[PDB]
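Only one structure is covered here, and it is reproduced in the block below.
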Amino acid sequence: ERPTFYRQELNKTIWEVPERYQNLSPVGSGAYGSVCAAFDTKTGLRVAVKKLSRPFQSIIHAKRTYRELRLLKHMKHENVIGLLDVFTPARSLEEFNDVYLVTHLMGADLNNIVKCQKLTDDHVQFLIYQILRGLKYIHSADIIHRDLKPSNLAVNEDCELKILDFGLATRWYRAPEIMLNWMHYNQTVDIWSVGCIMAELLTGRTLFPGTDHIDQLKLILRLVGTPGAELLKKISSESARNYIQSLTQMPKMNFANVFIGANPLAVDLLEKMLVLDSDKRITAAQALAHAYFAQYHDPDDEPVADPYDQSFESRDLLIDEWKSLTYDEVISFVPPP
Ligand SMILES: CCc1nc(-c2cccc(C)c2)c(-c2ccnc(NC(=O)c3ccccc3)c2)s1
Ligand SMILES: CCCCCCCCO[C@@H]1O[C@H](CO)[C@@H](O)[C@H](O)[C@H]1O
């Protein structure tokens with residue numbers, strides 16, 4: 001049957017949750033809603049419960065709620081945030097107004113683990129491996145993260161890592177094409193980010209700590225060189241081309257000297273991730289097979305996602321339609337094993 005709910009005032013609204021979730025304590029809040037830590041008596045897990053704010057206030061809010069719930073329900077992988085539970089106190093669609101999402105309580109992100117220090121090479125292999133493993137899965141669903149950074153990487157005390165699309169400096173890890181509003185993005189935009197994160201774990205220093213947009217791009221070109229002919233022939237914007245040919249030629253730096261001291265296999269991998277031309281960057285699948293990850297790579301335990309129907313993105317529906325579709329997704333949810 002339906003669980004027994006209780007009501008408690010938290011973050012200035014009445015939260016109504018199943019009695020399995022105990023000891024709600026706010027962690028934080030913002031425009032999106034707010035989040036309480038709780039204990040799930042049923043599973044023995046520490047969890048985070050998020051009450052969405054204004055989920056159906058407008059067409060756009062409603063479609064965003066639907067998008068969020070669909071994504072969360074589809075993501076079932078150890079290195080990606082997933083859903084333990086979703087609930088509403090409403091007993092019918094007619095009563096449906098509030099959506100609550102439940103996931104594992106997370107207490108630290110990659111910045112907290114790193115502390116601007118060098119990590120050991122073995123530690124970097126393990127962390128980067130997990131990121132790539134999660135990215136293979138995400139990319140296999142025809143999804144691109146687009147803003148992968150340390151603040152979106154949760155890590156527990158066993159340094160098990162999960163990719164998030166939220167947080168628990170902002171542009172230092174972005175692909176250069178993303179910062180130049182290129183569109184037509186490749187999934188390897190995320191691989192650029194992995195390269196920036198990996199470099200920083202090894203060296204203890206941000207790779208491209210630009211002061212602003214143009215400075216970021218200047219630091220990038222100084223390392224990887226100015227665009228070569230092969231890259232230039234794929235640029236359709238006549239302003240971008242003539243600006244690019246007008247810059248002084250700079251060669252690609254010698255990565256072996258830049259990251260001197262590093263495992264030469266790490267250097268090799270960085271050379272394959274941090275390529276300006278997104279078409280020539282290594283994929284997540286290819287990177288998992290790279291010799292750097294030999295102690296962790298298991299081709300039979302690097303799973304891919306089921307096909308992910310994102311056709312709803314192209315649709316323009318009424319608020320009550322998005323609301324109804326969301327309600328269907330709440331009611332049909334089956335918790336993980
Ligand atoms: C958009 C903003 C956020 N959303 C969630 C969240 C919560 C439940 C379900 C889902 C899908 C996301 C967040 C979440 C999820 C899990 N753990 C946390 N934990 C924390 O924020 C945290 C931070 C410091 C100390 C202790 C705890 C937050 S943060
Ligand atoms: C002056 C700085 C130049 C930055 C060049 C970035 C090149 C990124 O690479 C480009 O990505 C596009 C997808 O986004 C693809 O369509 C192109 O084929 C690919 O070359």
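Every heavy atom of this structure was used, including side-chain atoms; hydrogens, water molecules and symmetry mates were not. Just so you know, residue 1 is the first one in the sequence shown, and it goes up from there. Just so you know, ligand 1 is whichever comes first in the structure, and atom 1 is the first atom listed for that ligand.
Aromatic ring pairs are classed by plane angle as parallel below 30°, tilted from 30° to 60° and perpendicular above 60°; the pair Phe87 and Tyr100 is parallel.
Interatomic distance, NE2 of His61 versus CG of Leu52, reported as 11.0 Å (0.5 Å rounding). Rounding to the nearest 0.5 Å places CG of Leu132 at 10.5 Å from OH of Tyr292. The CG atom of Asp147 sits 9.5 Å away from the CG atom of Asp190 when rounded to the nearest 0.5 Å.
A salt bridge is absent between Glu78 and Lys162: the closest approach of a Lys/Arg side-chain nitrogen to an acidic carboxylate oxygen does not fall below 4.0 angstrom. Contact check on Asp277 versus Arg281 returns no salt bridge, with no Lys/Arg side-chain nitrogen under 4.0 Å from an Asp/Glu carboxylate oxygen.
Geometrically, ligand 2 and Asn186 share no nitrogen or oxygen pair separated by less than 3.5 Å. Checked by distance only, ligand 2 and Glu177 stay at 3.5 Å or farther apart across all their nitrogen or oxygen atoms. Distances between N or O atoms of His184 and those of ligand 2 include at least one value under 3.5 Å. Among the atoms of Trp182, none of the N or O lies under 3.5 angstrom from an N or O of ligand 2.
Within the 4.0 Å heavy-atom criterion, neither part of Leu217 lies near ligand 2. Residue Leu231 touches ligand 2 through its side chain alone, judged by heavy-atom distances below 4.0 Å.
In terms of protein heavy-atom proximity, atom 6 (C) of ligand 2 is closest to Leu276 O, 3.8 Å. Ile244 CG1, 3.8 Å is the protein heavy atom nearest to atom 1 (C) of ligand 2. When hydrogens are left out, the protein atom nearest atom 20 (O) of ligand 2 is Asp277 OD1, 2.7 Å; that is the closest non-hydrogen contact. The protein atom (non-hydrogen) at minimum distance from atom 9 (O) of ligand 2 is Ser278 N, 3.0 Å. For atom 2 (C) of ligand 2, the nearest protein heavy atom (residue, atom name, distance) is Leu180 CD1, 3.9 Å. Nearest protein neighbour of atom 17 (C) of ligand 2, counting heavy atoms only, is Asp279 OD2, 3.5 Å.
At a cut-off of 3.5 Å, with distance as the only test, no side-chain donor of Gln130 or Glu160 sits close to an acceptor on the other residue. Of the N and O atoms on the side chains of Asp309 and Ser311, at least one donor lies less than 3.5 Å from an acceptor on the other residue.
Here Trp172 pairs with nothing under the ring pair (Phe, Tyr, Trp, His ring centres under 6.0 Å) rule; sequence neighbours left out.
Enumerated by chain and number, the residues approaching ligand 1 to less than 4.0 Å through a heavy atom are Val27, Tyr32, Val35, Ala48, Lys50, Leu72, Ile81, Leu101, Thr103, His104, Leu105, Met106, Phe166, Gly167, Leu168.
Heavy atoms of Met183 come nearer than 4.0 angstrom to ligand 2 in at least one pair.
If you look at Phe56 and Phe96, their ring centroids are closer than 6.0 Å.
Within the cation-pi definition used here (under 6.0 Å to the ring centroid, within 45° of the axis), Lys252 qualifies as a partner of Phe255.
Crowding of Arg64 atom CZ: a count of heavy atoms from other residues, nucleotides or ligands under 6.0 Å not exceeding 12.
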